[PDB]
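Some notes on the structure that comes next.
So basically every Cβ, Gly included, is an ideal-geometry build from the backbone, and we count neighbours across all protein chains shown. Where a number appears in this text, it was derived from the coordinates with a stated rule and is not lab data.
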Amino acid sequence: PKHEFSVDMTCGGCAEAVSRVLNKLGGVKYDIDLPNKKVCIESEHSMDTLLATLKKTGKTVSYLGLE
Amino acid sequence: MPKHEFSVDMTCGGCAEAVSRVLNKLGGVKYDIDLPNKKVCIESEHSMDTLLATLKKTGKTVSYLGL
Ligand SMILES: OC[C@H]1O[C@@](CO)(O[C@H]2O[C@H](CO)[C@@H](O)[C@H](O)[C@H]2O)[C@@H](O)[C@@H]1O
Ligand SMILES: [Cu+]
């Protein structure tokens, strides 16, 4: 499944930060849309693991669903 | 009591808010964030190690500017 999250990013540095923590987690295929403040992820990790990883950044995060 | 200074690569207000949230979550800290100068000052008993690790959770590039 491809999980979609709303992540409050407001500059390229914000997106870069999200990319860095997801890479640290590893085993992820993702794309970040800055203007629409959305991050889509595909991985063997649980939704909870992904959510916690994103929330640890200090940014506002919410789960939108999956495709 | 110790007063630490860190360099944090923040590039927008949202970046600063995220740093604030991770420090608020850690607790036991008195901090000041200087966005334009990419500097975060922290007065805390928490070890330099703990503070560095906490700031790194933001996914931003962090370095130590000393006591
Ligand atoms: O610290 C490595 C970590 O940084 C990220 C954050 O987006 O990527 C940036 O740094 C890379 C250098 O290794 C650049 O190639 C890349 O373009 C840049 O965004 C993570 O992707 C990477 O794991
Ligand atoms: Cu930002």
Exercise. For B:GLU45, what is the net charge nearby, where nearby means another residue's Cβ is under 15 Å from its Cβ and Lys, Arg count +1, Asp, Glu -1?
Worked result: 0
Exercise. Across peptide A:1-14, what mean number of C-beta atoms from other chains lies inside 10 Å of a residue's C-beta?
Worked result: 3
Problem set entry | B:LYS39, B:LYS3, A:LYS37 arranged by Cβ crowding within 10 Å, fewest neighbours leading | B:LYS3, B:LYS39, A:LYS37
For this session: Please give the helix B:13-26 orientation as an angle from the longest Cα principal axis of chain B, in degrees from 0 to 90, rounded to the nearest 10.
Result: 20
For this session: Could you please rank A:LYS29, B:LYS57, A:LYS2, placing first whichever residue has the fewest other Cβ atoms within 10 Å of its Cβ?
Result: A:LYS29, A:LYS2, B:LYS57
For this session: Let me know the mean shielding of B:49-57 by other chains, meaning the per-residue number of their Cβ atoms within 10 Å of its Cβ.
Result: 2
Seminar exercise, completed: Mean per-residue count of partner chain Cβ within 10 Å for B:18-30 equals 2
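Sequence gap at least 6, Cα distance under 8 Å: using those rules, report the relative contact order of chain B to the nearest whole percent.
Relative contact order, chain B: 50 percent.
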Problem set entry | Global size of the protein assembly as shown as Cα Rg and Dmax, reported in angstrom | 15.2, 50
Exercise. Which value, in nm² and rounded to one decimal, describes the direction-averaged projected area of the C-alpha convex hull of chain B?
Worked result: 3.7
